[PDB]
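Next up: a single chain in structure tokens, the form deposited in one PDB entry.
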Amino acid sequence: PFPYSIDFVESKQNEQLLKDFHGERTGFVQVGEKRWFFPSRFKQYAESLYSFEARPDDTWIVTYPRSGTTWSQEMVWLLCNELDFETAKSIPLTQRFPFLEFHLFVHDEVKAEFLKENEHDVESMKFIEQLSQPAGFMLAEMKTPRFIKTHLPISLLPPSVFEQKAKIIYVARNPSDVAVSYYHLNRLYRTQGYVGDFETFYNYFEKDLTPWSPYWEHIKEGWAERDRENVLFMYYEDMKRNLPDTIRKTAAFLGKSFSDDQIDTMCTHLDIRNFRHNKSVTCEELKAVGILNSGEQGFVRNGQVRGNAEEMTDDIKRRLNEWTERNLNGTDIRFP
């Protein structure tokens, strides 16, 4: 029984969101007292998501979007699979490490556009149809240890995750870098279909009118569970600053042990320079059927000027600082 209220965003705000986010064609919902923001299909799939059955040997990565999710998945999959770089290369990350709630973001009307554009290729059309289907079906059929990605906040996870004490890695990233990276994600994925500029996107983000917001509640729930034996909480900028420490700490939490030589191959694999050429970054299959906007691969290839993105203005930077102050005053949460 899904325990939280699911309500359509107020009419006029919902109308404006549909003008700016072309990946949704019915409307947006707010869930529970915290008003977790999702596209309309959340209402259709809330029960099946919440009743998903976790196993005690699952590995879950839980993040706010663009909080180091992909890099962490690649790291964790390799640590739990004997550093099998060969298999990591040949199977796509999205099959090795499926995204539980991706199907929420494939609207029936948008899927129909994708199918039109791929109508002469039977295998492209099967692929697009499967995107619509819950990952949970294929996850439930697996007979081996599972790797699950989600952006669902702690309070919306299947309760079976904590009942089974599945291992959870929670990664937090500072709001400035998340605002800019999430803005690019919303332009890159036609499932989101955002058409506007950064300042308009920041305005939505600051009002918790972007998927999986409220951002500060997402971070605070992660922080509130980090003492549990089955939760590892890390800040993105700590992880990136020291790969050998990150790899070892993560391995030890997962109950794996590796030589200094093995740690070094993982450090090279995950280094900024080599990771830019990783298949999990390029995402060549979503690009092949045109669900990725190929005109938005600038940010993918280049990233942002560290601590001063081209998109940032002094006014938005000031608003980020004040929003951070309001949300973190009286907590011990502090970004590196």
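Between two forms, the rigid core is defined as the largest C-alpha subset superposing within 1.5 Å. The first residue of the sequence shown is number 1, and the count goes up from there. Only residues modelled in both forms are compared.
Below, we turn to the form deposited with a small molecule bound, even though it does not appear here.
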Original post:
Though only this chain appears here, would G32 touch the small molecule in the entry with it bound if you measure heavy atom gaps against 4.5 Å?
Top reply: no
Original post:
According to a 4.5 angstroms non-hydrogen atom cut-off, is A46 in contact with the small molecule in the entry with it bound?
Top reply: no
Original post:
Is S155 a contact residue for the small molecule in the entry with it bound, using a 4.5 Å heavy atom cut-off?
Top reply: no
Subject >> Contact label in the entry with it bound: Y236 to the small molecule, heavy atom within 4.5 Å >> reply: yes
Original post:
So in the entry with it bound, are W36, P214 and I219 all sitting within 4.5 Å of the small molecule, heavy atoms only?
Top reply: no
**OP:** Could you check which residue among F127, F147, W71, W223 gets a heavy atom within 4.5 Å of the small molecule in the entry with it bound?
**Re:** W71
**OP:** Note which of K287, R66, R55, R41 lies within 4.5 Å of the small molecule in the entry with it bound, where distance is taken over heavy atoms; exactly one does.
**Re:** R66
Subject >> C-alpha displacement of 2 Å or more between the shown form and the other one on the rigid core, among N302, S51, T268, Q44 >> reply: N302
Original post:
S280: CA shift of at least 2 Å between the shown form and the other one after core fit?
Top reply: yes
**OP:** Pin down for me whether the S280-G68 Cα distance shrinks or grows in the entry with it bound relative to this form (closer or farther, change of 3 Å or more).
**Re:** farther
Subject >> Pairwise C-alpha change, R318 versus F299, in the entry with it bound against this form - closer or farther, 3 angstroms or more >> reply: farther
**OP:** Three or more consecutive residues, each Cα shifted by 2 Å or more between the shown form and the other one after core superposition: list those runs for me in sequence order.
**Re:** 279-282, 297-308
